[PDB]
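Summary of the model geometry
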Amino acid sequence: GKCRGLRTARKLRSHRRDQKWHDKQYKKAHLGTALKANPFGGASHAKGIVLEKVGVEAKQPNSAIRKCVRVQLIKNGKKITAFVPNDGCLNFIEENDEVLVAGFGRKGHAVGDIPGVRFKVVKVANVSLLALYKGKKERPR
Amino acid sequence: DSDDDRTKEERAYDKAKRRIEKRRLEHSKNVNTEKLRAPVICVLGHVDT
Amino acid sequence: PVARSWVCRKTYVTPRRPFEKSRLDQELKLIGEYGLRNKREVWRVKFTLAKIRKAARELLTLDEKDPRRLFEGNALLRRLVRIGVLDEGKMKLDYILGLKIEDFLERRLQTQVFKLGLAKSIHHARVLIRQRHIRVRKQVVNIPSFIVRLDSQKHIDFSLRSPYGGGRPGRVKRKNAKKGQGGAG
Amino acid sequence: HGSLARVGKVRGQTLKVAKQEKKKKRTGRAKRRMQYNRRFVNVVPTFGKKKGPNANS
Amino acid sequence: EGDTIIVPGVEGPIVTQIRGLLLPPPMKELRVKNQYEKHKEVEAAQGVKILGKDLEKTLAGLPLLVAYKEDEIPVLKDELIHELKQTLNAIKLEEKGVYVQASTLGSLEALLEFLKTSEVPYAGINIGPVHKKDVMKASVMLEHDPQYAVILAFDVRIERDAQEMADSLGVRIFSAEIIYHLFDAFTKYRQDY
Amino acid sequence: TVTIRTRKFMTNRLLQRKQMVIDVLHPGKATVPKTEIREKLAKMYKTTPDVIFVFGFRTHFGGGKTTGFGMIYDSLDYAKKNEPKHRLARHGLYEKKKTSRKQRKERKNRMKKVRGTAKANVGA
RNA sequence: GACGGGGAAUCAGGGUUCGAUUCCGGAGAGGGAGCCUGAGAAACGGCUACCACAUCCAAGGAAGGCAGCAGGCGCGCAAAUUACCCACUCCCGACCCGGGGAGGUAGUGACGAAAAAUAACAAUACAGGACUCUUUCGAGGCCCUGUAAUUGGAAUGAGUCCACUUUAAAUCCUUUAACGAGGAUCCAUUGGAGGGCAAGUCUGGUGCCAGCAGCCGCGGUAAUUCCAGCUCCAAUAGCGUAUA
């Protein structure tokens, strides 16, 4: 504290108000631009339809082909890319199918060596990928 | 004992299945030859008849 | 506008350290020694001890000759000597802070049934409690976490309907006797 | 080989090893009794470094 | 009314619970504007209307079994899935094509047979009124060969907001109450495109 | 054997009955039926058992303690005056009309739709 | 992405975030406008016109507003019975007597909270530990402790099913008959095992491919990190993931 007086409270309150506004994490949650630019719209999960199965590549140190999918949303129609999580689950996803899309867990940031992804696939055709991986549910037709 | 199968869920429905088939089979036994149901008149044809 | 209660509270608390070797060793030593089931019961014993210690600290913060401090301290001390964790000799407000977990876990029903002299092991005592055998003052109690008091200490006995305290024989004895009578007659 | 973009190849070409008929592990209160016995009853005074519970040297 | 029935569906058999039995007056037909009555039990040789809570995918012309027992595990539908695994006349090829929509399953199947004879694929088989979801799925197919980016709606009304969103990004709805007028409109659209 | 003990006994001159709390002791056996408490209170207070109304018997945990209430009237018509109808139905003294609420509400609405004397014949 | 407050979560001390939500007050019944009656209304389960949507119509006309209780559509990541009763708590009326989707009761229900099964005992198998001596053998092991698909009787519960009890009538709980377990097949899952961070330098397959990985990083034909088996570790009827 700099202004240390007995009847100095509105100066301290206003100064801390502007210095609280002059931040990054608090300013991200108190402006509508970050929420409107977010394709989820402040939601935890989201639905969408598969357009095509793409393959993106890793970064400089490690070399692999991380296989993803291009999904366009239900609620607004934004076009995102989502990473199919586990091994060999790209057979379970076909084109023009409903998927449930969630984040990675770094609050809208790229995770690991995959560039540009912020989303991952939890369910396809209203059945979970874990049951399909473990041979517990079958894809209806 | 060793008479039945290993688990219970793949045999407990067999009692229900045999109950259903004996209930329907007896339902095919005691039948009345008079005062039956209503049949279906089934109208077919061409355009503008 | 319905007529319900909606009043509840959590009785345990999860520790800040999920993986600490000494804490897990001490908790497993307590579980094995005092015949517990899992970590939630020793955590709830720790939680109620922490509440008692916090209340004693808040009472000891205030000065003497206060009616609120004197009344609440006398009520807390009388309740603790009624439960059986203290005695009349250590009848002070500042002696509450020297109490430990095993002083509370000694007053459990399972340990008292084991150490009174009618059960073989503490696990056998818990099994015997859970199958409706042990009663206190003509009341069948089938739960091991029953904190007995000092005045109800000398009234732990088998129930009247149990075969151990004198009653009808159980299912295995009657079935085996029926098999013996069928084979011999 | 086949292709570089073959999905799920290592899951599909690995050998299948069946499960083993093992005894039912007791769960609940007596598992903690077994843990307490094996940790703090059967302990032997050793020297140097104590091996882990899964130390398969 | 206190029993569970098993109806065949698109995604295999589905088990429901009966809610009511709507019966028309004997003077009128079953295609009447909401003039029905409620009954607890019905006599034999009657045309009733069983309504439930969640079916939304059913194939007609197939038997239904009334289970007087408790369906504690889905194994009492084994004879029914054995009956549906043979004689599948209406094979549902869920390919990538025109999103079709009709008020009735029979009219929808007739539209699918028209598209099959016209060598046009179909994607969606939704029954009922046209909503924002169907227009949005047509907008999904507005990329990657947008020739089949139309909604075929027959004898059913589109909502106002669905048309309002459809004209914004260019989804065509061939709403027609006459089936051959709809056929001629689709053929003229294909020729002009 | 089965014995009962009264508790919180009081008389009510202004309502012509007597309130009490009944503590049934049945060790070994199950909960006794209410006719046993009725005839026991009949031969306990030297009264005809047609005016003994008992209810609210809940068996305690432990097998042998049962707590319930009891009304001891001085007359049969006085018991008919100040009593709920379901207890008299339980003793077989009162009968209720067997019509559900939906039929009554629909009949009320159908009589509401028409005026005059036709209300008598629109609802049977 | 503001109904206000009593309050809620986190919480040494100070603070931060939420409060549509059972109690109080305010506002509306598609949204504006106007009014009759009545003590009390700008009322909408009252009326009169406008716009948007919309029902029947023999086409001249007529009848409407579930942000009440059930239910349906859409919207979505997101939310239950088109049940029974006025018996309890109260409310309105000429009035002990009628009515109340106010309310109570049951069904769905892993939002969440509390208690609490999935085992104990006895003898031999074979491993230790304590006692004067036998320094080291082995016995004494009368007092033990552990675990071994060796054996043996003695217990009660989940479930089926009579009665009793509860209740407006049931159902639920409690009591109680008769049956009800040895590999007690009456079978406990969810994550993880390089470090953070508790726990294999075990055995097979791929070879910077497939994949793992919140972060460092791991895969290049001997992988303590991939895919499977065995063992182990953390919590336990619960555990993992995503967002504020």
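That block above? That's the structure.
So, a few notes on the structure that sits alongside this text.

Counting its regular elements, chain A contains four helices and six strands. Listing every helix and strand of chain A by position from the N terminus yields α-α-α-β-β-β-β-β-β-α. In summary, chain A has a C-alpha radius of gyration of 22 Å against a globular reference of 14 Å for 141 residues, an excess of more than 25%. Judged by the C-alpha coordinates and their principal axes, chain A covers about 75 × 35 × 25 Å. Within chain A, the fraction of its 141 residues that count as buried is 26%.

Below, the discussion takes up the interface of chain D and chain C. Contact with chain D, which involves eight residues of that partner, is made by 13 residues of chain C. Buried area between chain D and chain C, both sides added, is near 1000 Å², and the carbon and sulfur share of it is 68%. Looking at the side of chain D facing chain C, the largest losses of area belong to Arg 29, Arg 32 and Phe 40 of chain D, adding up to 62% of the total buried there. On inspection of chain D and its partner chain C, the count reaches zero salt bridges.

A separate point is the sheet that holds strand β3 (residues 20-23) of chain E. Residue and element names in this part refer to chain E. Read across the sheet, three strands follow the order β4-β3-β5 without closing on themselves; strand pairing throughout is antiparallel. Sheet topology places β4 (37-39) and β5 (49-51) at the edges, where each strand pairs with a single neighbour. With strand direction ignored, the average angle separating the axes of adjacent strands in the sheet is 40°.

A separate point is the pattern of salt bridges. For the structure shown, the criterion picks out 21 salt bridges over all chains. A salt bridge links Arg 139 of chain A to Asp 97 of chain A; the shortest N-O distance between them is 2.8 Å. Placement of the pair is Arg 139 of chain A in the segment after α4 (129-133) and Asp 97 of chain A in the loop between β3 (79-83) and β4 (98-103), with a sequence separation of 42 residues. What makes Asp 97 of chain A buried here is its relative accessible area of 15%. Counted as one network, the salt bridges with shared partners bring together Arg 37, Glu 41, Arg 108 and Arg 126 of chain C.

To continue, consider the interface of chain B and chain E. Of the residues lining the interface, five residues belong to chain B; the matching set on chain E comes to six residues. Buried area between chain B and chain E, summed over both chains or domains, comes out near 600 Å², and the portion from carbon and sulfur atoms is 82%. Ranking the residues of chain B by area buried against chain E places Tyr 13, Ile 20 and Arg 23 of chain B at the top, with a combined share of 53%. Our enumeration of links across chain B and chain E arrives at zero salt bridges. Our enumeration of links across chain B and chain E arrives at zero residue pairs in polar contact.

What counts, and where the lines are drawn
Residues numbered from 1 in each chain as written, not as in the entry; some residues may be left out. Chains lettered and ligands numbered in written order. Part of a larger assembly, values for the part shown. Heavy atoms only, no water. Helix = DSSP H or I, 4+ residues; strand = E, 2+ residues; numbered from the N terminus. Rg over C-alpha atoms; globule rule 2.2 N^0.38 Å. Buried < 20%, exposed > 50% of the residue type's maximum accessible area, 1.4 Å probe, protein only. Contact = heavy atoms within 4.5 Å. Buried area = accessible area lost by both parts, 1.4 Å probe. Salt bridge = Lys/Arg side-chain N within 4 Å of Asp/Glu carboxyl O. Pairing = 2+ DSSP bridges. Axes fitted to C-alpha atoms, helices over the stretch in contact; angles between N-to-C directions. Polar contact = N/O pair within 3.5 Å; in protein donor to acceptor, adjacent residues only side chain to side chain.

Taken by themselves, the reported measurements are silent on function.
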